[PDB]
Amino acid sequence: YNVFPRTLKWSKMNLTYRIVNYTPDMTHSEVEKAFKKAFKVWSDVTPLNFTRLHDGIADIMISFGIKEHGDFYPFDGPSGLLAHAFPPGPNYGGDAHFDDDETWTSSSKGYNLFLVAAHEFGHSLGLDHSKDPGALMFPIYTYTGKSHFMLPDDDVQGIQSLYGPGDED
Ligand SMILES: Cc1cc(CNC(=O)c2cc(C(=O)NCc3ccc(F)c(C)c3)ncn2)ccc1F
Ligand SMILES: [Ca+2]
Ligand SMILES: [Ca+2]
Ligand SMILES: [Zn+2]
Ligand SMILES: [Zn+2]
């Protein structure tokens with residue numbers, strides 16, 4: 001027999017993702033690079049592996065949409081909500097949605113897609129919001145301006161509480 005896991009998490013280390021569509025704001029290459037880097041933020045500190053699918057059903061379906069887009073969390077035009085992701089689970093579980101009424105960039109202007117994506121994938125993997133103002137999972141977008149991204153310890157401890165550290169070096 002098997003009882004449901006204690007925490008909401010993926011029961012397999014091999015996860016797949018698919019970029020269903022693209023925002024008008026960035027080139028396909030820029031978007032792909034941003035998401036790849038965002039997944040690496042988490043795979044680097046756990047035993048998780050992320051493989052990209054170009055079609056079909058992936059564990060983490062990624063899409064850009066506006067207003068009503070297929071769930072109970074419609075976006076709201078420019079400003080306000082910017083994105084959200086569902087926790088681990090069947091069907092839409094793990095999926096990540098980005099409000100395409102926002103401005104997405106690979107710089108410090110508007111919302112940095114990589115940064116927001118890293119945050120959303122944290123949710124896709126089982127992390128909720130943190131009270132640490134400097135955490136990636138803090139609820140409010142707070143671009144620091146630093147030239148190098150480093151996953152804050154709070155996030156490292158959180159993600160490893162779910163999946164273990166994988167290779168520690
Ligand atoms: C090269 C480089 C360097 C950096 C430097 N790092 C940061 O600025 C940074 C920001 C955050 C942060 O604001 N967290 C909260 C949050 C984040 C996203 C999101 F959608 C919501 C709703 C809330 N946390 C940790 N570090 C960034 C991008 C980049 F490309
Ligand atoms: Ca919005
Ligand atoms: Ca899914
Ligand atoms: Zn949605
Ligand atoms: Zn969030």
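The chain is numbered in sequence order, starting from 1. Whatever order the structure lists them in is the order used to number ligands and atoms, beginning at 1.
For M137, no nitrogen or oxygen atom sits less than 3.5 Å from a nitrogen or oxygen atom of ligand 1, counting backbone and side chain alike. Note: an N/O pair closer than 3.5 Å links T144 and ligand 1 by distance alone.
Contact annotation: the side chain of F39 never approaches that of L48 to less than 4.5 Å [non-hydrogen atoms, C-beta and beyond]. For the pair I57/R18, no side-chain contact is recorded, criterion being any heavy-atom separation below 4.5 Å from C-beta on. Side-chain contact between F75 and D100 is absent, with no heavy-atom pair separated by less than 4.5 Å. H97 places a side-chain heavy atom less than 4.5 Å from the side chain of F86.
The only member of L8, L127, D128, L125 that meets side chain to side chain contact (heavy atoms under 4.5 Å, CB included) when paired with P87 is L8.
The proximity of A83 to ligand 1, defined as any non-hydrogen pair under 4.0 Å, does not occur for either the backbone or the side chain. Only the side chain of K37 comes within 4.0 Å of ligand 1, counting heavy atoms alone; its backbone N, CA, C and O stay farther away. Looking at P139 against ligand 1, only its backbone comes within 4.0 Å, counting heavy atoms. Residue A118 does not touch ligand 1, judged by heavy-atom distances below 4.0 Å. If you look at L82 next to ligand 1, the close heavy atoms, those under 4.0 Å, all belong to the side chain.
Atoms NE2 of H84 and NE2 of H69, as seen from the Zn ion (ligand 4), are separated by an angle of 110°, to the nearest 10°.
The nearest N/O/S atom of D59 to the Ca ion (ligand 3) is O. Nearest N, O or S atom of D71 to the Zn ion (ligand 4): atom OD2. Taking the Ca ion (ligand 3) as reference, the nearest N/O/S atom within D95 carries the name OD1. The name of the N, O or S atom in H97 nearest to the Zn ion (ligand 4) is ND1.
The protein non-hydrogen atom at the shortest distance from atom 1 (C) of ligand 1 is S147 O, 3.3 Å. Distance from atom 24 (N) of ligand 1 to its nearest protein heavy atom, with residue and atom name: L136 CA, 3.4 Å. The protein heavy-atom contact nearest to atom 13 (O) of ligand 1 is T142 N, 2.6 Å. The protein heavy atom nearest to atom 18 (C) of ligand 1 is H119 CB, 3.4 Å. Shortest contact from atom 3 (C) of ligand 1 to any protein heavy atom: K146 O, 3.4 Å. Closest to atom 30 (F) of ligand 1 among all protein heavy atoms lies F114 CD2, 3.5 Å.
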query = Can you check side chain to side chain contact (heavy atoms under 4.5 Å, CB included) on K131 and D154, steps first, answer last?
reply = CA-CA 9 Å; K131 75 165 182 176; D154 182 69; over 6 Å; no
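Residues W104 and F98 bring their aromatic ring centres within 6.0 Å. Taking the six-membered ring for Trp and the full ring otherwise, the centers of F35 and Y17 sit at least 6.0 Å from each other. Between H84 and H69, the gap from one ring centroid to the other is short of 6.0 Å.
Closest of all the heavy-atom pairs between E30 and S106 is OE2-OG, 3.1 Å. Closest of all the heavy-atom pairs between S124 and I60 is CB-CD1, 4.0 Å.
Close approach of ligand 1 to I140 is summarised as follows: ligand atoms under 4.0 Å from at least one heavy atom of the residue are 15 (C), 16 (C), 23 (C).
Considering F138, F149, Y143 only, the shortest heavy-atom separation from atom 23 (C) of ligand 1 involves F138.
The closest approach between a heavy atom of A135 and any atom of ligand 1 is below 4.0 Å.
In this structure, the separation between OH on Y22 and OG on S29 is 9.5 Å, given to the nearest 0.5 Å.
For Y141, the OH atom sits in a packed shell: over 12 heavy atoms of surrounding residues, nucleotides or ligands are nearer than 6.0 Å. A 6.0 Å sphere centred on OH of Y92 holds no more than 12 heavy atoms belonging to other residues, nucleotides or ligands.
Under 3.0 Å from the Ca ion (ligand 3) lies no N/O/S atom of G94, from backbone or side chain alike. Among the backbone and side-chain atoms of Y92, no N/O/S atom is found under 3.0 Å from the Ca ion (ligand 3).
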